[PDB]
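# Geometric and topological summary
The residues making up each chain are set out below.
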Amino acid sequence: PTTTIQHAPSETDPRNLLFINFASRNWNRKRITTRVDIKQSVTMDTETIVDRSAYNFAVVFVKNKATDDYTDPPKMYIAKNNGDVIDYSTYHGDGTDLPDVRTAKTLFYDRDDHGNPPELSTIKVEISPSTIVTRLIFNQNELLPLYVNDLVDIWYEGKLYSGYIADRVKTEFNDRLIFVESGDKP
Amino acid sequence: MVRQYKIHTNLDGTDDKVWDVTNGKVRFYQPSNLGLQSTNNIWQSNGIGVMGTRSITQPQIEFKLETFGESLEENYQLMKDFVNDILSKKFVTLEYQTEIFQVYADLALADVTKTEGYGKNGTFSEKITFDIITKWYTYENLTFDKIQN
Ligand SMILES: [Ca+2]
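Residues numbered from 1 in each chain as written, not as in the entry; some residues may be left out. Chains lettered and ligands numbered in written order. Part of a larger assembly, values for the part shown. Heavy atoms only, no water. Residues with missing side-chain atoms left out of burial classes, pairs and counts.

Helix and strand content of chain A: 1 helix and 12 strands. For chain A, the N- to C-terminal ordering of α and β elements is β-β-β-β-β-β-β-β-α-β-β-β-β. Taken over C-alpha atoms, the radius of gyration comes to 25 Å for chain A, far larger than the 16 Å a tight globule of 186 residues would show. A principal-axis box enclosing the C-alpha atoms of chain A has dimensions of 80 × 45 × 30 Å. Taking all 186 residues of chain A together, the buried fraction comes to 26%. Pairs at least 24 apart in sequence give 53% of the contacts found in chain A among residues at least 6 apart. Of the side chains in chain A, 22 bear a positive and 28 a negative charge, and the two mean positions are spaced by 4 Å. (Helix = DSSP H or I, 4+ residues; strand = E, 2+ residues; numbered from the N terminus. Rg over C-alpha atoms; globule rule 2.2 N^0.38 Å. Buried < 20%, exposed > 50% of the residue type's maximum accessible area, 1.4 Å probe, protein only. Contact = heavy atoms within 4.5 Å. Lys, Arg positive; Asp, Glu negative; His and termini not counted. Charge placed at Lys NZ, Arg CZ, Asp CG, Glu CD.)

This is the structure in structure tokens:
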């Protein structure tokens, strides 16, 4: 959003008014394809849109009904590269479908009123990955100008990043843009 | 022919007072720097050079201020007057004049010196420093143009 002070539309109304803008130069926004060169003093940093947990491996403990204690040994669960969550013991592969680094956490669960162990899906939500998003801050290119609230597809160092122009800094020295990769790639 | 230096109290104004620092009793000599300094913001990536925006910085002008009084009384009255006139107005307009141009620079009093090392008839030789507000601008008349059949 962009706040703007402007005199009332009707000529009869002499009031000066303040409004909030959620409008664009095009009613039906179109996607642009551009390139960002290293010369534009590019600043790359990763943002997270959705909050999802960071320990991909789970040492899950289930409390024993008879002892009302955690007497029973734990069951280890690993998240594959695809997105699915499996028990570590059940794995029969070569390690290609598993992550490059093991981020782990120990989880404690209480048995439900029925007595059944907690659902695989409920554990999955806690070990599930968060939206890794790339942010690019660079100088305004006069050859292809990029204004705020424009859908863009940026090419940077041989890699394609897709998203929108969120902010714009008007300084004495430069004119810079904040590019936010919206994700939703596959 | 030669260079002229006027000191205006309020240029464009009815209450203007002009001091000839080239011909009058109070004279300005040996300006420190009339040029300019610039900061180009050049950042280099892998030997290749990229240039930002040039902030043209203007440096303080320091003049060798000399007084040409006939008596100790005159030379003191010239210092008590000239320096206070610069103080009375928040800023003073220095006019640079030559055969080719007549530029102006708005100055503010940075530092003035008063010492007891006198010559003959109580002569003054002191250093006056000014801070730059706006360096070199053309003050000229603007008129409309007429169209003929
Ligand atoms: Ca004035």
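Residues and elements named next belong to chain A. Its location among the elements puts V152 in strand 10 (residues 151–156). With a relative accessible area of 0%, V152 lands in the buried category. A sequence separation of 10 residues divides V152 from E142, and the C-alpha atoms of the two residues are 16 Å apart. In this view, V152 contacts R31, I32, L146, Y161, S162, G163, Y164, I165 and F179; residues no more than four positions away in its chain are not counted.

Moving on: the packing of aromatic side chains. All names here are of chain B. Going through the model one piece at a time under the given rule, you end up with 15 aromatic pairs over all chains. Here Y5 and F63 contribute two aromatic rings whose centre-to-centre distance is 5.6 Å and whose plane-to-plane angle is 80 degrees, an arrangement assigned as edge-to-face. Separated by 58 residues along the polypeptide, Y5 in strand 1 (residues 4–8) and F63 in strand 8 (residues 61–67) bring together distant segments of the chain. According to the relative accessible area criterion, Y5 is buried, its value standing at 1%. On the accessibility criterion, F63 (0% relative accessible area) is buried. Summarising the aromatic geometry, the rings of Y76 and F124 are spaced 5.7 Å apart at their centres and angled 80 degrees between planes, so their arrangement reads as edge-to-face. (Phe/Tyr/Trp six-rings, centres within 6.5 Å; stacked < 30°, edge-to-face > 60°.)

These values are about where atoms sit, not about what they do.
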